[PDB]
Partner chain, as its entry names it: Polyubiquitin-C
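What follows is a single chain, given as structure tokens, in the form solved without its partner chain.
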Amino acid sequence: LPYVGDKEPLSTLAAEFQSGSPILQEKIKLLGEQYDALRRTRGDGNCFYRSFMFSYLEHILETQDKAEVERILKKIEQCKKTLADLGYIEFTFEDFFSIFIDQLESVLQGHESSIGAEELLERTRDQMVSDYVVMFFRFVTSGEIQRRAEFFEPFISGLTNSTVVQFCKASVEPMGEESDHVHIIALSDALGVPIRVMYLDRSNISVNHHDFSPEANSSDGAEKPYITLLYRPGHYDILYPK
């Protein structure tokens, strides 16, 4: 029931699908040879954003990579400008920006408002913080898609049969609309953080993956991502390499 779960061994995912498709069972087995743990998110249609929020903040907490925080803060500030250039007035998003930025600061150590791993998890489980951080990612993702509407247009109208702004208002901005590859391209482009997604689906049997990053998403043609997510229909969970 919590928004973000505790770390589990991959064997619990394996037990969960012990009567499932043999293809899925073998992919889970392959997953367990490279990954030590899994962290689930509640399946409410915000899983990609919620799993990204936790794994990213936890990554900063554990690495104390202050230079990475400074980098994303610069990107976050330019996400504010893309939203303003599209006509979003600041009161529509300012609370989403300030709450996420507060978590970025809180997870860096050495000042009055620093927090630890337990309080971070506590905050990602609190709706009045977790949902605001999710809405930040949704607004940042929506702005990046609209800013590059002409580039995204053929892909969105091949997937759906709607315009770009239609897609953003219907399936990016509202809470509970689960993310697809268009969300993940736009978010990783907007924030500049690579994301590895492992696909636990029915396609030799292997677990397909894709690395989303400003470099990999470029149409002209790096470092392995430090965020790894597991995708199933309706689910994005956090994977921990071994």
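Rigid core here is just the name for the largest C-alpha set that superposes within 1.5 Å across the two forms. Numbering follows the first chain given and starts at 1.
What comes next is about the form deposited with its partner chain bound, which does not appear here.
Contact check for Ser157: a non-hydrogen atom falls within 4.5 Å of its partner chain in the entry with it bound. Although the partner is absent here, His59 sits far enough away that none of its heavy atoms falls within 4.5 Å of its partner chain in the entry with it bound.
The shortest heavy atom separation between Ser55 and its partner chain in the entry with it bound exceeds 4.5 Å. Residue contact with its partner chain in the entry with it bound: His181 places a heavy atom within 4.5 Å of it. Using a 4.5 Å cut-off to its partner chain in the entry with it bound, not one of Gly87, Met135 and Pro174 places a heavy atom inside that distance. Put simply, of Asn161, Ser98, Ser114, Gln127 only one has a heavy atom within 4.5 Å of its partner chain in the entry with it bound, and it is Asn161.
Per the 4.5 Å heavy atom criterion, its partner chain in the entry with it bound is contacted by stretch 149 to 157, the sole one of 115 to 123, 149 to 157, 102 to 110, 67 to 75. Counting a residue when any of its non-hydrogen atoms is within 4.5 Å of its partner chain in the entry with it bound, the hits in 186 to 205 run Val197, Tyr199, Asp201, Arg202, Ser203.
A movement of the C-alpha atom of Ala15 falling short of 2 angstroms is seen between this form and the one not shown when the two forms are aligned on their rigid core.
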